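Trainee: coords below, sequence missing:
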């Protein structure tokens, strides 16, 4: 038995809802087919966006969406994506179509339809200071100017509000192959000209490190902390070497254990990057933003490697659940995260094929865990069984929060695919008794996944395999599972 | 230096005429007539990253885009091939009076956006030292070696003082 | 009412007993009169060391003693303090007498009599590498050599054992006015030649920062971490400006509040220095050693400013109690501390006047808190009343630990001199019921102190003003007090 104590009356922090964020690049079929079908598509759509996906994402309570993020942000020139559809810039490669039908107006519309915060990244690597300044002005200025007037011409009279603004992305790599010292100087310069217009308040985000580049964090904090509201971090879970990452399905048990071990490395990265941030920002003013994370496999056989299409199994659900738990544990500093990527690209919550779609196991974890969004983290301590071939992994990952209505949610991941996991949970600091319901997500196969023909092989089901004798909640978690228990006082 | 030769930019000084009648199309044609490799240097000192990126695209892209379409309107249907591409010239002097440390950063940034289109393969060349500026070579090798295929050097034989 | 919860079953670490350490320099009457009286002194003594002090210190359970530490360590040449006591070096200033009768043999003997660990600092500033190397050899080598043979001739046949070895002290100041970069190089060089002889194991300690010199910590960690077991830190509580610090007694209420606020600054210093250490030493291999701390006042009127003699009030007891609590809270990294200084110098536990001595309020806190030595720190959380003219200070400082015999000790400081402090303590994670006794140390004057004529105005007394109704311990702490509750299961 793994043992847990929940101090239901000790709040340790707030889980910012933006921890549950998402990210979409102009890449493969993430924007085009995934979301954007066009107004006259036979696929039922609202203003050009397919309804099946909209409804699923609203249900999931998507808090924030990052666009254009990834390598494309430091390639993109935003003016190419506004104005009359047919004068929008067209790029066609025969080896891939970018028509720029999806641009700033369509993105802001999409966010309003979803009820999520927009998070835009401007172009540092191939952009200019004036260009980025003008984008913010276009979006947020209530006065009279070429840019604000242009926004009005293009159909949006009043400005939008936007908080999250990224000043470049991946500037150490595809965003300019920059030394940290150099990017910090560009960052300081660019951010200067991003104004707060009207009652808008920008939340300027500097591009942070790739994986274990601690030097980057040090330099950005030391040189640029006073000029930023947030600093990003990127870490992908890649089972195999770069040149042979391994497949999304039909993988070996070694690949299971490696995948989960690599996912849990997030905790170390976040710990060590935060420790550096603490030196320069002891009050933790500046957010840590893990705006690229998730699994990265070889593409599905006979798909274009460039489109990054991969399946999504219960393995991916465990990665997501455990990784979100890690963000919980760091919710004193980590205030946003964004899984790569929303639709048809990397560790997506949704895959599409024409008018058909499915919800991935990854979708189900986001949907189950939405109870943690803006919840109060509760003090828990735990002593858990080990698993994996050398006892390398924790058998169980657990996290507890308190929702605004006073309900308590306890989410638990069983990382062992082979056997269930017993957990005794002791609840302290309660007033009344409590009752509990539960939901669980599991599979009969290590690589269990949904398909267009069978979109529901892997989905949440009622969870009843626990007993609550006031004070102790004993549970038998299924193998390879993610479970949420809801406790109500009374 | 591209588009209808009569409507190209003209600069005249009486103290020298540049009418830009010789531009990209004329140069690439000259190289085809000679059977020689073209070696173009882009503008770092007073240029932008987008400008240099678009020049490569204009010349080498086989698809549909504003730049490739512009090449076609200007009379060259299929792209050209080019290997040798200089990312600035004389950047220690008349190309921006740059410290090596600073040029290396611009070099890394500019080179990033110079793509291999079609079956074209770029040979990216960083601006190297003037004469015995060994410090320049050291900085460019140390800070930028992974991002270059070649590094230049300049030395004129000048008998008397400057 | 301040509120506290003790999770009597959640251990958060071990309070290294060396947190309760002490420090004596050859300065004023710390060594001469305070400890060392000589064998045929009329003051009752064991081998030249006064018995009154020995017994008091043994009772207090002195864990470690640092000598010669302070500025003297990087002035001292250890060979001057060995050999026939009568034919050793004499230095006299008339503007102070050093006869070197107290040297290495006497120090090692003192530590054996007290049962404490010796902590010696070698001379970097004015010493040589061979000199320091030979000191260790002299002390620890069991074989045949000039140094070990010399130790034998000087009356110690078998070597002594020593762990704690300081490689210079105060090297940023009176120990050579060194840049951190430079001291790190000398550190690396000197430490190389400090050998482990026989079964002896050295614990090499590098000189760390003064106060908020975070750069020093960074440099020493970055350049020297692999070559050290510990890094020191210094911080004195100085009420007024350097030139006019303020008196030990007859001080104003403003001086009370300033004193305590400056003492609590220790938590910030320790937090920030530790944060830097975490970056270079994430596993916390390297001890942080706060080997100079305590209050520093103007000397008693008409005493030599150079002898650093100051009185010791209930204010000093509060500084000690609160400061030791701060070390508890940082016992994951802080593993030794040493209050300045033992006898007749700065914030001493003992004052002497010939054969008469007293125990200071500071002594009483060390003696009362000895229950925390090598105890397991327990998870507590608290919500405490404020005090002080702007609500700047916590009214109450509290810490709880579990001793080896399973008893629980809860120590509490009331920083308000003006009114008592109600505290409700909830105990969780107990099996049985518990009974409790208590001790408290308080005074009727804000500057209440002991004198040679009245050595017991301020001393521990039974504390009975609390009720334990199973689960909750409600207590009424006297004004300006330090209290310890011992809880027994049953």
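Mentor: Received the coordinates, thanks. Numbering: from 1, shown residues only, chains lettered A, B, ... in the order given.

Trainee: Show me which residues of the stretch 301-450 of chain A are close to chain C?
Mentor: A:381, A:428 (Cβ under 8 Å from any Cβ of the partner chain). C-betas here are computed from N, CA, C, even on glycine.

Trainee: Quick one: the helices in the stretch 301-450 of chain A, in order.
Mentor: A:314-329, A:361-369 (DSSP state H, counting those that start in this stretch).

Trainee: Figure out which of the ones you listed is closest to chain B.
Mentor: Closest approach to chain B among those is made by helix A:314-329 (29.9 Å; Cβ to the nearest Cβ).

Trainee: would you turn the helices of the stretch 301-450 of chain A into a markdown table with mean neighbour count?
Mentor: Formatted as a markdown table, those follow (neighbours: other Cβ atoms under 10 Å in any protein chain shown):
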| stretch | mean neighbour count |
| --- | --- |
| helix A:314-329 | 26 |
| helix A:361-369 | 25 |
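
Trainee: among those helices, which is nearest residue A:149?
Mentor: helix A:361-369 (39.6 Å; Cβ to Cβ).

Trainee: which residues touch the closest one?
Mentor: Outside helix A:361-369, the residues that touch it by Cβ atoms under 8 Å, 6 or more residues apart in numbering or on different chains are A:20, A:56, A:59-60, A:294, A:312-314, A:316-317, A:320-321, A:324, A:339, A:347-350, A:359, A:411, A:439, A:441, A:443, A:448-450, A:458-460, A:482, A:484.

Trainee: I would like a PyMOL command selecting only the buried ones among those, please.
Mentor: In PyMOL, a selection of the buried entries from those looks like this (16 or more other Cβ atoms under 10 Å in any protein chain shown):
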select buried, chain A and resi 20+56+60+294+312+313+314+316+317+320+321+324+339+347+348+349+350+359+411+439+441+443+448+449+450+458+459+460+482+484
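
Trainee: tell me the centre residue of chain A?
Mentor: Centroid-nearest residue in chain A, with Cα atoms, centre = their mean: residue A:338, separated by 2.3 Å.

Trainee: residue contacts, that residue?
Mentor: Here residue A:338 is in contact with A:21-23, A:64, A:66, A:69, A:119, A:289-293 (criterion: Cβ under 8 Å, 6+ apart).

Trainee: so which of those residues is the most crowded?
Mentor: Neighbour tally across the contacts of residue A:338 (other Cβ atoms under 10 Å in any protein chain shown): the maximum, 32 neighbours, falls on residue A:66.

Trainee: Assign that one to helix, strand or coil.
Mentor: strand (DSSP: H, G, I helix; E, B strand; the rest coil).

Trainee: Quick one: list the elements packing against the helix or strand harbouring residue A:255.
Mentor: Residue A:255 is part of helix A:253-280 when elements are defined by DSSP states H and E. Contacts defined by 3 or more Cβ pairs under 8 Å, 6 or more residues apart in numbering or on different chains; DSSP states H and E place helix A:253-280 against helix A:214-224, strand A:230-237, strand A:287-295, helix A:314-329, strand A:393-394, helix C:253-280.

Trainee: Phi and psi next, for residue A:58.
Mentor: Note on residue A:58: its backbone torsions stand at phi -60, psi -40 [degrees, to the nearest 10].

Trainee: Please report the distance of residue A:200 from chain C.
Mentor: 34 Å (Cβ to the nearest Cβ, to the nearest Å).

Trainee: and that residue, how many neighbours?
Mentor: Residue A:200: 17 neighbours (other Cβ under 10 Å).

Trainee: could you list every residue that touches the nearest residue to it once chain neighbours are set aside?
Mentor: Leaving aside its chain neighbours, residue A:200 sits nearest to residue A:140 (4.3 Å; criterion: Cβ to Cβ, 6 or more residues apart in numbering or on different chains). Contacts for residue A:140 (Cβ under 8 Å, 6+ apart) come out as A:159-162, A:195-198, A:200.

Trainee: Just the endpoints, please. Distance across stretch A:225-232?
Mentor: 12 Å (Cα to Cα, to the nearest Å).

Trainee: now do stretch A:31-49
Mentor: First-to-last residue span, stretch A:31-49, Cα to Cα: 10 Å.

Trainee: Distance from the chain centre to it, please.
Mentor: 23 Å (Cα atoms, centre = their mean, to the nearest Å).

Trainee: contacts for that stretch?
Mentor: A:24-26, A:50-54, A:97, A:101-102, A:106, A:109-110, A:113, A:342-345, A:350, A:352, A:354-355.

Trainee: In chain A, which strand is the longest?
Mentor: When chain A is parsed with DSSP state E, its longest strand is strand A:2-14.

Trainee: Quick check: buried residues in it?
Mentor: Using 16+ other Cβ under 10 Å as the burial criterion, the residues of strand A:2-14 that qualify are A:2, A:4-8, A:10, A:12-13.

Trainee: need the contacts of residue A:338 in TSV with distance to chain B, can you?
Mentor: Conversion of these to TSV gives the following (distance: Cβ to the nearest Cβ, whole Å):
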residue	distance to chain B
A:21	27
A:22	27
A:23	21
A:64	28
A:66	21
A:69	17
A:119	23
A:289	23
A:290	24
A:291	20
A:292	18
A:293	24
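
Trainee: Just name the closest of the buried residues of strand A:2-14 to chain C, please.
Mentor: Distances from chain C to these, taken by Cβ to the nearest Cβ, are shortest for residue A:10, at 6.1 Å.

Trainee: Grab the nearest non-local neighbour of that closest one.
Mentor: residue A:379 (3.8 Å).
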